[PDB]
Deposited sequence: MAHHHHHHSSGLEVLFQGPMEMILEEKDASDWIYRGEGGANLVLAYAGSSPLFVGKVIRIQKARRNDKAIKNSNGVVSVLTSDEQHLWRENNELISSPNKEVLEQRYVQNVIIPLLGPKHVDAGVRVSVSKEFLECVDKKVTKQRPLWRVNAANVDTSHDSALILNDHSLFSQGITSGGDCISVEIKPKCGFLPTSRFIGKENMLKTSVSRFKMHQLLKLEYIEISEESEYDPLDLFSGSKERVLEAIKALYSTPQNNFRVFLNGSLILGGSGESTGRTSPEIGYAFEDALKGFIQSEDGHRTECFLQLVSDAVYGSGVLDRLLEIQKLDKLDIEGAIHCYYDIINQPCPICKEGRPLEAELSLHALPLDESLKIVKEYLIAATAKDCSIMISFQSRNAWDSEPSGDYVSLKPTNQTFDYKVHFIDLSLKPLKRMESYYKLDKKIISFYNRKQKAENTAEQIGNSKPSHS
């Protein structure tokens, strides 16, 4: 026998940084995959928060809003919040099967700064302009790298795949009930130069439940990936934009990708991509994962056009939008909470993403499994995982900014359609 320190919360010192590599990133988090050898972190990624350079856990109204869970609102810092929110809110609605909720790790302000320097190269100019890494969390989250187990993993950020029916949408905003917000949004994204090409994808095809509308969706995506489609080869990008959105696939990158699916997809040159896509579509349609998700999203029972009102009650500030419908203000404050919390929850579900791993059975290391795909026209069997990512809680305050963003979306669409 020998004597060792008692147990202690691991801490990531200013030396472990060179173990991590740039993965991707959103508006809210950094993500780096693991390159070092320590068994603990192998097959893991670190999700490190950043700070918009114009910047306690929960505001007073957010405490009351999420109060139905004492452990949640009493979160020290945002990693526990992130943990408890997936743990006691999301998985109840979503099921633990396709979420792999996260583990905290302490980190030194020095470690962060080291990662911050190490990625800036791989990061997109305007992401560097808009946010460095937030070097005053003590913590960060470690997750299973949902592109591992050759392993081909594809990521789909579906967005909201239903159309509202609220009695509070106005005649003028009548389009909102027949055009997905995603399509209209695209117009506003084009005017602001954030894409080059209106995207072929319509999340209605994905959330339709038609094994045939879904393949169109997956076909659309590969065509115009923007920032909703990504395909990896063992932790590397091969289709999609890294940390950002990317222009329509071209003849040159489709012929590059194509010659990449070599030896994973077994089909003659110029046939693998149409195969790979059938595979993705069938993983998505077969796993049924996309269904329960669209149930969460539909906790938007009133659309932001009606929900904003309940928001102004919550924060007990007189309602701007009204102009002298009591109906929504005459609610008991308790009911007005439920709509806004269910709104926020729904927001988590429209902004989340799906990762799908693959292990071809044409490789001898094949650990079979009851979730798999048999791709009829090449005779290959593929075992696959489907997991969620970016189930972050959203701030009560984005409500106001949500309403404004909606207004501009349906105002601007109405516009370009009046032209004709």
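Exercise. Deposited sequence versus model: which ranges have no CA atoms?
Worked result: 1-12, 68-77, 172-179, 355-360, 457-470 are the stretches of the deposited chain that have no C-alpha coordinates in the structure.
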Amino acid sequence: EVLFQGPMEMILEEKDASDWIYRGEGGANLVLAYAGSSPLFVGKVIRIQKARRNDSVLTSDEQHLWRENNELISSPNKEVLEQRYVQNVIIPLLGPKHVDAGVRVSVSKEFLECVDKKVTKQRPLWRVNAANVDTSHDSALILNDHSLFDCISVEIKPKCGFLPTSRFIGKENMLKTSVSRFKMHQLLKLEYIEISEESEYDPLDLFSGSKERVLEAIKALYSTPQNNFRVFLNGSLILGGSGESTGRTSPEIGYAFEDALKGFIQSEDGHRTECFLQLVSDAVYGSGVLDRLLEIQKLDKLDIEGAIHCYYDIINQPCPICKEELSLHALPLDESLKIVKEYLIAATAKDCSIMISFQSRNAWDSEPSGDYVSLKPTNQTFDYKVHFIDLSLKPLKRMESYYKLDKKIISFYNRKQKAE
From here on, numbers count along this sequence of modelled residues.
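The term rigid core refers to the most C-alpha atoms you can superpose between the two forms while keeping them within 1.5 Å.
For this session: Compare 325-333 with 303-311 and report which one shows the larger root mean square C-alpha deviation from this form in 4 other deposited structures of this protein once the rigid core is superposed.
Result: After the core superposition, the stretch with higher RMS deviation in 4 other deposited structures of this protein is 325-333.
Exercise. With the rigid core as the fit anchor, does 216-224 or 96-104 show bigger C-alpha shifts in 4 other deposited structures of this protein?
Worked result: Once the cores are fitted, 96-104 deviates more in 4 other deposited structures of this protein.
Exercise. Would you say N362 is missing from a third or more of the other compared entries?
Worked result: Looking at the other entries that model residues on either side of it, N362 is missing from at least a third.
For this session: Find out whether the coordinates of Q380 are absent in at least a third of the other compared PDB entries of the same protein.
Result: No, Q380 is modelled in every one of the other compared entries that cover both of its flanks.
Exercise. Averaged over C-alpha atoms, is the B-factor higher for 26-34 or for 56-64 in this PDB entry?
Worked result: Higher mean C-alpha B-factor in the PDB entry: 26-34.
For this session: Identify the stretch, either 275-283 or 334-342, whose C-alpha atoms have the larger mean B-factor according to the entry.
Result: Between 275-283 and 334-342, it is 275-283.
For this session: Check the PDB entry and point out which of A256, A347, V86, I156 has the largest C-alpha temperature factor.
Result: Answer for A256, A347, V86, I156: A256, with the highest C-alpha B-factor.
Problem set entry | Options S353, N70, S374, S392 - largest CA temperature factor per the record | In this record, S374 carries the highest C-alpha B-factor of the candidates.
For this session: Grab the CA temperature factor for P251 from the record and place it in the lowest, middle or highest third of its chain.
Result: Tercile = highest for this residue's CA B-factor.
Exercise. In terms of the chain's CA B-factor thirds, is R361 lowest, middle or highest?
Worked result: Ranked within chain, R361 CA B lands in the highest tercile.
Problem set entry | Where the record places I296 (Cα B-factor, split into thirds across the chain) | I296: CA B-factor falls in the lowest third of its chain.
Exercise. What third of its chain, lowest, middle or highest, does the C-alpha temperature factor of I91 fall into?
Worked result: It falls in the bottom third of the chain.
Exercise. Lowest, middle or highest third of the chain for the C-alpha temperature factor of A220?
Worked result: Lowest third of the chain for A220's C-alpha B-factor.
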